[PDB]
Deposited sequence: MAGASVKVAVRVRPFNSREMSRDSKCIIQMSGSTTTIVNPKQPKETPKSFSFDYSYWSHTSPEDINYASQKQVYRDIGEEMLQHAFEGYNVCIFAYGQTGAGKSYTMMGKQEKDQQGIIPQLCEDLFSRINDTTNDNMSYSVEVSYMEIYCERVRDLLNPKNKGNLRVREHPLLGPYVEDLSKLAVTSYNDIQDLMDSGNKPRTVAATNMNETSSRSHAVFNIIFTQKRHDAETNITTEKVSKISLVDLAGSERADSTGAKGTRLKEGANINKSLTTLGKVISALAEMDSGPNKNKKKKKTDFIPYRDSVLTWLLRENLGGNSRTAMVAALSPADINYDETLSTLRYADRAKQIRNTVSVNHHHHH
């Protein structure tokens, strides 16, 4: 199953408006076109993706791509696979301030909530709508940050241990002693999500906002138990959902995981060895990038002329990822 890829351009932001930036991005169907502001004499480069989301204007536009479309397209599709019994993964990629957090977390208001909130909500809604008493559920969550190769429990900032990433001799990679909490309602999960968001590492270089060098991985362990009065054995289906918000693509080493992710994606796109263990990110996400899992990428794009190089680079790496195929 191919890694599905979407790209999304946001409206100008303060930095761009202050330099009178023009828009160098265009979309139509599933195709995204980028113009080169420095060399207007060349022909615009175009890429095609599963989805090319135009969110450059405002929800008052008939053509604005809303947090709801985005989720109903890729988010919903993955949740359904999770229910099928498939592990899934969605990660946001892009230059700092491109729109990664907004797309993944968004803002809890004006129906401005991103993929994570909507998926969690959608998930409990479905669970509570079950009418077959032979089915019972379990939902566990974990939330971590990876900053400079260091892993931190975001749901338990009451422990400074930089959790160690271990390779289980038989079951794969796992963060040692990372808290896994049972949640029985959307409100509860959303509270953990909220506290977790504040625990994230900040940086003075970012005006003390969340460091553009931290990766956040939100995981859900969805267990389905199906019982039937007969032989009396309850069968179990366990799906792991990984929702990832990555550090800026160009915003014990600072950029190891991101550079390594790039190599792993290129390698995988070419292949169809891979340096998974070269970084904690690619190591933990090994099975989501080539392994047994349905996966998707959402690449955030700045629409500004001043970010051409970084945006072209994001489009290129997104184009690559489109060629990856996992073995599920």
property: Missing C-alpha runs, given along the deposited sequence, first residue counted as 1; result: 1-3, 255-268, 290-302, 359-366
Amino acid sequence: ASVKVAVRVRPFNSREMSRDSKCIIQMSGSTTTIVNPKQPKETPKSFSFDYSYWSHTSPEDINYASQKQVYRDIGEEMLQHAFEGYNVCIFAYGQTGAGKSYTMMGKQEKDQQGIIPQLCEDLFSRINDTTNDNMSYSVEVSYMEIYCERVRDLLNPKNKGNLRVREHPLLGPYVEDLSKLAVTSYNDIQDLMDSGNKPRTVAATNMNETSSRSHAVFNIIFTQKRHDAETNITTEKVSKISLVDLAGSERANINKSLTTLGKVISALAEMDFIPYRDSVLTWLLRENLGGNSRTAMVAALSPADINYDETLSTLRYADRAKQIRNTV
From here on, numbers count along this sequence of modelled residues.
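The term rigid core refers to the most C-alpha atoms you can superpose between the two forms while keeping them within 1.5 Å.
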{"property": "Farther-lying stretch by C-alpha RMS in 6 other deposited structures of this protein (rigid core fit) among 294-302, 274-282", "result": "274-282"}
{"property": "Stretch with larger C-alpha RMS deviation in 6 other deposited structures of this protein, core superposed, 140-148 versus 161-169", "result": "161-169"}
{"property": "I189 unmodelled in at least a third of other compared entries", "result": "no"}
{"property": "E209 coordinate gap across at least a third of other entries", "result": "yes"}
{"property": "Greater mean Cα temperature factor according to the PDB record, 254-262 or 137-145", "result": "254-262"}
{"property": "Selected stretch [higher average CA B-factor]: 217-225 or 190-198", "result": "190-198"}
{"property": "Top Cα B factor in the deposited entry, candidates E230, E121, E76, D153", "result": "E230"}
{"property": "Top residue by Cα temperature factor, when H56, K68, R294, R286 are compared in the entry", "result": "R286"}
{"property": "B-factor third for the C-alpha atom of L170 within its chain", "result": "middle"}
{"property": "For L178, the third of its chain into which the C-alpha B factor falls", "result": "middle"}
{"property": "B-factor third for the C-alpha atom of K4 within its chain", "result": "middle"}
{"property": "Where the record places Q39 (Cα B-factor, split into thirds across the chain)", "result": "highest"}
{"property": "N162 by Cα B-factor - lowest, middle or highest third of the modelled chain", "result": "highest"}
